[PDB]
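Trainee: If you scroll down you'll find the structure; I have some questions about it.
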Amino acid sequence: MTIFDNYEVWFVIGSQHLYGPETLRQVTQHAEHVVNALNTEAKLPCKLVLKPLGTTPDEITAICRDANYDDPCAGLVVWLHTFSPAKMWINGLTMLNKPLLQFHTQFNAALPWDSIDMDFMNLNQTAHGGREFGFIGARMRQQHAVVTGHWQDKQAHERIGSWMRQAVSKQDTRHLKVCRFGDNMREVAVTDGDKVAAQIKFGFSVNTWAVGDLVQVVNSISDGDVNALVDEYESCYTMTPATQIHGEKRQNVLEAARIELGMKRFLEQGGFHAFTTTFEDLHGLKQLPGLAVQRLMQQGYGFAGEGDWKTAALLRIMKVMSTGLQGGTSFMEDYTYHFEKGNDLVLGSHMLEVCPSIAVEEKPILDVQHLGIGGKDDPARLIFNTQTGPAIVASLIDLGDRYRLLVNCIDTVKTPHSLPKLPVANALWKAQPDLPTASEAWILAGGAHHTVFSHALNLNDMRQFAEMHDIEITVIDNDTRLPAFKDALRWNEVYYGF
Amino acid sequence: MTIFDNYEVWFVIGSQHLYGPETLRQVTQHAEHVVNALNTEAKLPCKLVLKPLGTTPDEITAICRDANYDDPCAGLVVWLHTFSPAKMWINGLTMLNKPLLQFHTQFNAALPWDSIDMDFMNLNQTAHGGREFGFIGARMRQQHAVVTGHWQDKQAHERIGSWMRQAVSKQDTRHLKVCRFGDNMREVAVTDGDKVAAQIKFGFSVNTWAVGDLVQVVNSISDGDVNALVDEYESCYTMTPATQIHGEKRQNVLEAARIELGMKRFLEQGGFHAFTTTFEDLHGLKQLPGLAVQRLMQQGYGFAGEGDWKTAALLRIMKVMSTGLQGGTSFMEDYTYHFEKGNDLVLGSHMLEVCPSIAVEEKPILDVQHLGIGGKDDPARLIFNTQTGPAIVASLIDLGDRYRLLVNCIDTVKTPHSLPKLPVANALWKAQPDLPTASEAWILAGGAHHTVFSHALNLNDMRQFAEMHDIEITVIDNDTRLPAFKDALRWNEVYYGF
Amino acid sequence: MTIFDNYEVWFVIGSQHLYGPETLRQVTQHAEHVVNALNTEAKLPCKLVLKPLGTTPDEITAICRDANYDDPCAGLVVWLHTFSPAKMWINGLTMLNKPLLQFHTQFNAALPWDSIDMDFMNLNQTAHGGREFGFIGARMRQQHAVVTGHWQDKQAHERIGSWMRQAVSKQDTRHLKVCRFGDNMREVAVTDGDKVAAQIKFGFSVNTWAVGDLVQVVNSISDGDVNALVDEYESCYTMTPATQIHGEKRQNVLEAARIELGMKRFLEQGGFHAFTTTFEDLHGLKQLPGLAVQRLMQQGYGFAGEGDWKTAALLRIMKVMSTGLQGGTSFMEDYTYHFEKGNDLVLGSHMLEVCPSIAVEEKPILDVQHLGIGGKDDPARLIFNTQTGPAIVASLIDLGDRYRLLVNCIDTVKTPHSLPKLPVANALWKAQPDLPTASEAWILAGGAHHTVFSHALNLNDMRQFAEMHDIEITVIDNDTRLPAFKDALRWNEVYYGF
Ligand SMILES: [Mn+2]
Ligand SMILES: [Mn+2]
Ligand SMILES: [Mn+2]
């Protein structure tokens, strides 16, 4: 059912004819054996298709050429069962659009001390065949990945599997379409940037439909379709008295529903995966989309507030990326602090748009709905608490000449006293290593007030993403120390400054 | 005896023409003591020749003129006795083509508290005088190693001699001559490169003589001389049943012996110090040089397989580097692996060519050969085990615009079982910090399958080597971590990308 | 029959739906009309295949994806009949392996002053639609070409056609295989270099077979096949008395013939397009290949003397490139000068290997054959004079970090007195602007003694090649003036020094 099922990774084996052609026939036995046992037992994010052996230049070019042409081909994992003169690969590697991982593995785990002979020695020579390959890729500054490990090693499966994840994320982004409903909040910098650069670098496109284009779909929906969706609320969520049938703010639940249907139909018919809104342009909408934006985020779409295409895009990438994983992933603003010796905290939220995928409960749908901001009707919104434990918050910023991705490892924690006046969903966390330093470093390194929160993905996941896209990663966890942190900033600046 | 008897290090001393033939003659006295003290007591790689005092610019410029012209001057060791304003050193240091080391030292291991005068402070004042000199070395951006200590210091003797050792290596490489017998294995990358560039940088030359040429010399050796060498094989090694008289492959031993004599004679007359071969071009040679190659490696000749001049030269270099040290140093190629929790191992070896320099025993010689590779006669070889202990493998790769020296720290270990069918000698080691990262880090950095294995030389030797040549040293050892390693590869790329 | 017939160029029209879909239908009428009239009447180097209109992002990605996959697709020529929002093209353009030329043309030549209206105005808006496209390509630093001109403009056809030429040259080079028969003349720099860099940058591969591998094929040929080829000589060429049946050097014509057959069979069975020899390794050959190398160059193969793969490669590229053109293209060494007020000259040649494609006559096959060099039998060689008029000489050199292509516009001229002792073919020329300055500049800018001479190609042809491959071109013709010439060298050095 998932987008992972719309891709497969190619298992290419490198060798040469020198010994052959029955020395090849063993190689093929191994490959087919390792491919089946992985597809069967290694619980990897998507499928491995074994291609015919690459033992000549033309065979290797062929495979890369094919890999570029096949839209499901998300990456290559190459095993060099033997020596494989690396010049053979050059012409293929210079046309390759798809990512590559060397699986520096071997058929046997134990070296058969008592039996080993030259036949053996000259078969399963990945020990050196993998190093010849290492070189050309390094020589070309072509970022190839490596996992060393025996082919049944479950630790390897993970790192292999974790890489397959990024391959698919990289190709989905190459089709991701953000639909903004208006422009950036006036006078705001971070949420602005060069959209051309984004689509060049990342392949996702951002383009603006009039709020009025939406309003038209938003107004067109049938009551039959509205009251249907109104039922799915009462089913799913705790309705606060104000929200119930005879409640003075029932009518506002109707307007929420339609804005959900309206946005969903516009977004499906447009073929979109993400979107923005701006409270400075809600002409023809009854209320700022809250409930609707929250549920569309649960249903999968990327979103960010006030025109913020980068963060909205990012959310969608990290959701997709998170498929099959234990948690969350939500848009998030760092809203307010709690200061105390030992217990410094952040509380995250926005005006309304907090995704219910990181919640732990059955979730109230109250109004208590004054939003002076926007200047519209009291909006519907889901109110909830965020799950505990170790998360991350990611901010992608545009330094103008390049992008930088900041990640701050964090730990959600339970609110000690509850928030009875606060009509928004919360997320409360301690920022590794500690607020003052965590905040300082983030601020030092730019990094928006807009972030993507996530329980399901982590730092190592994001490190591979940063690699896969060739961008700087600015990491802020417990190891962070400002003198070193600053040096890195400088040294990365020169490096990525080409 | 050995090549360290060819070279010398000059012992220059720095003061000003002002003032006091006493003071200025009084200083001459100490340099004559420390030098004589060091030359009999210190056990340094080669002698220290004291030179007349650098008091004026012209004298320093002369000292440099001579130091450049004198082909056994391996470098200057400089100690700044009184105080020698560095503007005097300019014209000299500017022309100085031989390496320099500031031995930053005093007269006198401790301090006269009641016996201190201005007459004393006039003369012998390296504390400040030494610093001024570092400045100009830094300003001009020259190397200038510095060792600080009291001359009588055991630790400081050690430090200076290791430098002296490198200084001499630098000079020997200048005259090093590789001789290639055929070209690279077809379609191979790591072992190709720009010979012109290497000769510019390190000064070693690489030029190829026809396989046909060698054959002419091999086909010329007298049966008398051939037989005589075999008498040396009987006495050196453990001749296997087939190897000895009435042996089924006794002639293969003679042919090997003939080859070795021809190859030797050839190399000697052409004044060569290293060589390569290629199994793809052996026309006129009865079998692929194995035993011949091994004993020649053991006698001091650098070599590396299938046309690999870089590694071949590096072997010769490191072999000379290691002179007067306990331990082996060999050509080596990661051949296969043993994956076992806690005990990941690499079996090193080559087709035939491994140096008995690194062996534990009196070596067995066998034929049990059938080398499918090439397609020649069952060739002779020395089978043996590699010693137990700390070692390094090193590779010099050409990245197009610059060279990179990779060195992995390792620890060789007893084969836990005999290897009865392995027709070749072996090395066996655990890689620091562990196989997967050891291997992965090397692949990320490129780094040949061909390496120079050494028991005698260490990371520190190679560190100075890399500094001495201004090449990047990539270091894989117990302290390695992939995030910092990767960072260093990027931050170095832009440093040395100049 | 020619390799041009194995490729086609794609004619892609960019537009958008804004007006459509019958506004598109006109666009298609135009495109089909312009494609037919060009394929019919424009005598272009190869075929134009009109692809379906690109009016959306997915359609544009599709076309580029297809262009990469189709091996005959040599380049794209895009016409922007209307405005074509350039973001649509980004994702296609970021995957494109093939070269692109914008044909900034229009359907009508004259603006129909009296009739023009908005319908018209908004159709045929290439005036601005072409500038939107210009931008993205410029923004991406993607070297796209442009010819502006009406679509019937014959001057345009040329510049379009001239570009199509380079597209095909660029793809052939991506399959060109040099087969060296040995290594570089010892101690020679220019002919040496980094073969990995070449195959990366250019896609042609260079790899060394043993002279003995050839000798085996060289010796295997049948007399029936030898004497057959001996007849084709007497037919084609003037046989000097020494060369005739009872001539004392007839036997040497037999050995020439076999070396021709032998080299031709080895080269066809290897699938090669170019080759080198080295006189320092002719073990098993009767005489240095002269006659044979000359005729194989006429038949099409690239060649250069003494191991020189770059120049041999280049020759083959410039021959292929020259298909369908008036002249020549030959390997060439600048052999000797004539100095005289007003009449300074160069005479070009090699020991033997001068291609008879630039000759004007029926061509003597004498021996007068002492070649002390090589140390072999008196060789057969064709002796001839070169055609008059404006030519070029191209040298591709490896500056180590990058390549530079030098071109010197020259003018062949008739020898005033004849060369009765000189047993080699001549080419005599004046080097624009004049020997002293022409020689100086060439020497200043490096540039080998080995060149490719050519009557058929020129400077503008080579300028597009240099562009198509992104390398420096150092031009030396009449406009050349050393102060400016030097400045350019410096300014290009910084630019291409990334
Ligand atoms: Mn906000
Ligand atoms: Mn090898
Ligand atoms: Mn020549």
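All residue names refer to the structure tokens as shown: chains lettered A, B, ... in order, residues numbered from 1 in each chain, ligands numbered from 1 in order.
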Find the spatial neighbours of residue 411 of chain C, counting only C-alpha atoms, within a cut-off of 12 Å - ignore same-chain residues fewer than 4 positions away - and output them as a list in words.
Mentor: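 These residues fall inside the cut-off: residues 344, 345, 346, 347, 386, 387, 388, 389, 390, 391, 392, 393, 427, 428, 429, 430, 431, 432, 433, 434, 435, 453, 454, 455, 458, 477 and 478 of chain C.
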Trainee: Include C-alpha atoms and write out the residues we just selected as a compact mmCIF listing (two decimals), in the first residue's frame.
Mentor:
# COMPACT_ATOMS: atom_id res chain seq x y z
CA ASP C 344 59.90 31.54 -41.92
CA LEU C 345 58.56 27.98 -42.17
CA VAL C 346 57.84 24.72 -40.34
CA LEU C 347 58.19 21.29 -41.89
CA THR C 386 50.70 17.83 -48.18
CA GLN C 387 47.90 19.87 -49.81
CA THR C 388 48.10 23.67 -49.73
CA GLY C 389 45.87 26.16 -47.87
CA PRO C 390 44.61 27.00 -44.39
CA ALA C 391 44.90 24.20 -41.78
CA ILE C 392 45.11 23.75 -38.00
CA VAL C 393 47.30 21.78 -35.59
CA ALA C 427 53.94 18.97 -44.63
CA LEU C 428 55.29 22.48 -44.97
CA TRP C 429 53.50 25.44 -43.35
CA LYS C 430 53.60 29.05 -42.09
CA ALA C 431 52.41 29.31 -38.49
CA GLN C 432 50.02 32.22 -37.86
CA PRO C 433 50.84 34.87 -36.91
CA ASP C 434 54.57 34.15 -37.47
CA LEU C 435 57.03 31.46 -36.33
CA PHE C 453 47.11 18.29 -38.38
CA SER C 454 43.84 18.94 -40.28
CA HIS C 455 42.66 20.53 -43.54
CA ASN C 458 39.01 24.58 -38.16
CA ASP C 477 46.36 32.77 -34.99
CA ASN C 478 46.93 36.27 -36.52
Trainee: Compute the chain B side of the contact with chain A at 6 Å, counting only C-alpha atoms, and hand it back as a ChimeraX atom specification.
Mentor: /B:187-189,334-336,338-339,399,419,421-422,436,440,443,446-449
Trainee: Using only C-alpha atoms and all ligand atoms, determine which residues fall within 8 Å of ligand 1, then list them as a ChimeraX atom specification.
Mentor: /A:304-306,333,350-351,449-450
Trainee: For the structure I just gave you, how does DSSP split segment 203-245 of chain A - specifically, which residues are alpha helix (DSSP H)? Reply as a ChimeraX atom specification.
Mentor: /A:211-220,223-236
Trainee: Those residues with N, CA and C atoms, as a PDB file, in the first residue's frame please?
Mentor:
ATOM      1  N   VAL A 211      -5.864  32.335  -2.968  1.00  0.00           N
ATOM      2  CA  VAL A 211      -6.759  31.929  -1.892  1.00  0.00           C
ATOM      3  C   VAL A 211      -8.158  31.767  -2.481  1.00  0.00           C
ATOM      4  N   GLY A 212      -8.512  32.658  -3.404  1.00  0.00           N
ATOM      5  CA  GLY A 212      -9.781  32.595  -4.118  1.00  0.00           C
ATOM      6  C   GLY A 212      -9.997  31.333  -4.937  1.00  0.00           C
ATOM      7  N   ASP A 213      -8.931  30.742  -5.467  1.00  0.00           N
ATOM      8  CA  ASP A 213      -9.071  29.485  -6.208  1.00  0.00           C
ATOM      9  C   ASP A 213      -9.587  28.420  -5.243  1.00  0.00           C
ATOM     10  N   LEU A 214      -9.006  28.382  -4.044  1.00  0.00           N
ATOM     11  CA  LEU A 214      -9.449  27.476  -2.965  1.00  0.00           C
ATOM     12  C   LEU A 214     -10.863  27.769  -2.475  1.00  0.00           C
ATOM     13  N   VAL A 215     -11.104  29.032  -2.135  1.00  0.00           N
ATOM     14  CA  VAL A 215     -12.410  29.491  -1.669  1.00  0.00           C
ATOM     15  C   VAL A 215     -13.533  28.936  -2.538  1.00  0.00           C
ATOM     16  N   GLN A 216     -13.294  28.911  -3.843  1.00  0.00           N
ATOM     17  CA  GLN A 216     -14.270  28.417  -4.804  1.00  0.00           C
ATOM     18  C   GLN A 216     -14.592  26.937  -4.569  1.00  0.00           C
ATOM     19  N   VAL A 217     -13.561  26.132  -4.344  1.00  0.00           N
ATOM     20  CA  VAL A 217     -13.753  24.714  -4.024  1.00  0.00           C
ATOM     21  C   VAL A 217     -14.290  24.599  -2.608  1.00  0.00           C
ATOM     22  N   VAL A 218     -13.764  25.445  -1.722  1.00  0.00           N
ATOM     23  CA  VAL A 218     -14.180  25.485  -0.320  1.00  0.00           C
ATOM     24  C   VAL A 218     -15.671  25.746  -0.126  1.00  0.00           C
ATOM     25  N   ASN A 219     -16.249  26.596  -0.978  1.00  0.00           N
ATOM     26  CA  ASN A 219     -17.674  26.950  -0.941  1.00  0.00           C
ATOM     27  C   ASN A 219     -18.577  25.957  -1.675  1.00  0.00           C
ATOM     28  N   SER A 220     -17.993  25.149  -2.557  1.00  0.00           N
ATOM     29  CA  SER A 220     -18.777  24.305  -3.472  1.00  0.00           C
ATOM     30  C   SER A 220     -19.287  22.987  -2.865  1.00  0.00           C
ATOM     31  N   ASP A 223     -23.641  19.657   1.639  1.00  0.00           N
ATOM     32  CA  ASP A 223     -23.952  19.462   3.055  1.00  0.00           C
ATOM     33  C   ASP A 223     -23.859  17.979   3.403  1.00  0.00           C
ATOM     34  N   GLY A 224     -24.380  17.140   2.508  1.00  0.00           N
ATOM     35  CA  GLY A 224     -24.244  15.691   2.617  1.00  0.00           C
ATOM     36  C   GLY A 224     -22.822  15.268   2.911  1.00  0.00           C
ATOM     37  N   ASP A 225     -21.871  15.851   2.185  1.00  0.00           N
ATOM     38  CA  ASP A 225     -20.446  15.585   2.415  1.00  0.00           C
ATOM     39  C   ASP A 225     -19.906  16.276   3.671  1.00  0.00           C
ATOM     40  N   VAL A 226     -20.494  17.415   4.038  1.00  0.00           N
ATOM     41  CA  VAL A 226     -20.104  18.144   5.254  1.00  0.00           C
ATOM     42  C   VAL A 226     -20.523  17.397   6.525  1.00  0.00           C
ATOM     43  N   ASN A 227     -21.825  17.167   6.693  1.00  0.00           N
ATOM     44  CA  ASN A 227     -22.333  16.469   7.880  1.00  0.00           C
ATOM     45  C   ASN A 227     -21.793  15.045   8.042  1.00  0.00           C
ATOM     46  N   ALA A 228     -21.442  14.406   6.928  1.00  0.00           N
ATOM     47  CA  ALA A 228     -20.737  13.123   6.961  1.00  0.00           C
ATOM     48  C   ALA A 228     -19.434  13.261   7.735  1.00  0.00           C
ATOM     49  N   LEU A 229     -18.607  14.216   7.317  1.00  0.00           N
ATOM     50  CA  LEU A 229     -17.338  14.509   7.985  1.00  0.00           C
ATOM     51  C   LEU A 229     -17.526  14.993   9.423  1.00  0.00           C
ATOM     52  N   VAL A 230     -18.653  15.656   9.690  1.00  0.00           N
ATOM     53  CA  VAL A 230     -18.990  16.098  11.048  1.00  0.00           C
ATOM     54  C   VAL A 230     -19.195  14.904  11.975  1.00  0.00           C
ATOM     55  N   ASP A 231     -19.685  13.800  11.419  1.00  0.00           N
ATOM     56  CA  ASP A 231     -19.857  12.568  12.182  1.00  0.00           C
ATOM     57  C   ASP A 231     -18.511  11.955  12.578  1.00  0.00           C
ATOM     58  N   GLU A 232     -17.563  11.932  11.646  1.00  0.00           N
ATOM     59  CA  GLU A 232     -16.222  11.376  11.909  1.00  0.00           C
ATOM     60  C   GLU A 232     -15.454  12.104  13.027  1.00  0.00           C
ATOM     61  N   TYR A 233     -15.810  13.363  13.280  1.00  0.00           N
ATOM     62  CA  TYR A 233     -15.297  14.097  14.435  1.00  0.00           C
ATOM     63  C   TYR A 233     -15.846  13.505  15.730  1.00  0.00           C
ATOM     64  N   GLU A 234     -17.166  13.552  15.884  1.00  0.00           N
ATOM     65  CA  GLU A 234     -17.822  13.057  17.098  1.00  0.00           C
ATOM     66  C   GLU A 234     -17.396  11.623  17.423  1.00  0.00           C
ATOM     67  N   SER A 235     -17.158  10.825  16.383  1.00  0.00           N
ATOM     68  CA  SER A 235     -16.623   9.475  16.537  1.00  0.00           C
ATOM     69  C   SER A 235     -15.219   9.490  17.132  1.00  0.00           C
ATOM     70  N   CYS A 236     -14.326  10.244  16.494  1.00  0.00           N
ATOM     71  CA  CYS A 236     -12.898  10.229  16.832  1.00  0.00           C
ATOM     72  C   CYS A 236     -12.526  10.982  18.105  1.00  0.00           C
TER      73      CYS A 236
END
Trainee: Taking the backbone alone, and naming residues the way the document does, which bits of segment 100-346 of chain B are strand (DSSP E or B) by DSSP, as a PyMOL selection string?
Mentor: chain B and resi 100-104+145-148+177-181+205-209+238-239+274-276+302-304+330-338+345-346
Trainee: So how far away is atom CA of residue 185 of chain B from atom CA of residue 284 of chain B, in Å?
Mentor: 18.2 Å
Trainee: I'd like the interatomic distance between atom CA of residue 316 of chain B and atom CA of residue 272 of chain B, to a tenth of an Å.
Mentor: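 The value is 10.5 Å.
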